[PDB]
């Protein structure tokens, strides 16, 4: 089943772009301090998440 | 002033229904299509084989007349 792997990984490439815009890291974004989330989202992210949804 | 990211007056819906059209063609009709094309091929093949039998009889006449 070669191809749906790559379809859904293109969607996951959008999701790693979202992680990048949130923190900066591709995958291993720490970003969650004990004591709540640190350094909140830049203005212009929730509409992108709406589009992805 | 505050410049967070809330939804702008709320957001629209996103469906979660399994879209499968089950098309279809009412497969007994597909049997009718297949048997119809099958019988069409049989009738045309039948006609062409019998005319080639006629012309092969002409080739038999060629070898009969040419021989002595």
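Read-outs throughout are calculated quantities, based only on the coordinates presented, and are distinct from any laboratory measurement. When we count neighbours, we look across all protein chains shown, and the Cβ atoms used for this are built from the backbone with ideal geometry, even at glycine.
Using C-alpha pairs under 8 Å with a sequence gap of at least 6, the mean separation divided by the residue count of chain A gives a relative contact order of 24 percent.
Dividing the Cα radius of gyration of the protein assembly as shown by its Kirkwood radius returns 1.56 for Rg/Rh. Once both labels are positioned 7 Å from their Cα atoms along Cα-to-Cβ, the gap between residue A:49 and residue B:67 label points is 9.6 nm.
Here the simple spin-label model places points 7 Å from the Cα toward Cβ, and for residue B:16 and residue B:57 these points are separated by 7.6 nm.
For the pair residue B:47 and residue A:15, label points projected 7 Å from Cα toward Cβ lie 6.2 nm apart. Taking other Cβ atoms within 10 Å as a rough exposure proxy, B:18, B:47 sort from fewest to most as B:18, B:47.
For chain A, the fraction of C-alpha pairs farther apart than 15 angstrom is 57 percent. Taking 1.567 mPa s as the viscosity and 4 °C as the temperature, the Stokes-Einstein diffusion coefficient of chain B based on its alpha-carbon Kirkwood radius rounds to 66 µm²/s. Using alpha carbons only, how many degrees (0 to 90, rounded to 10) separate the axis of helix B:28-66 from the longest principal axis of chain B? That helix lies at roughly 20 degrees to the long axis.
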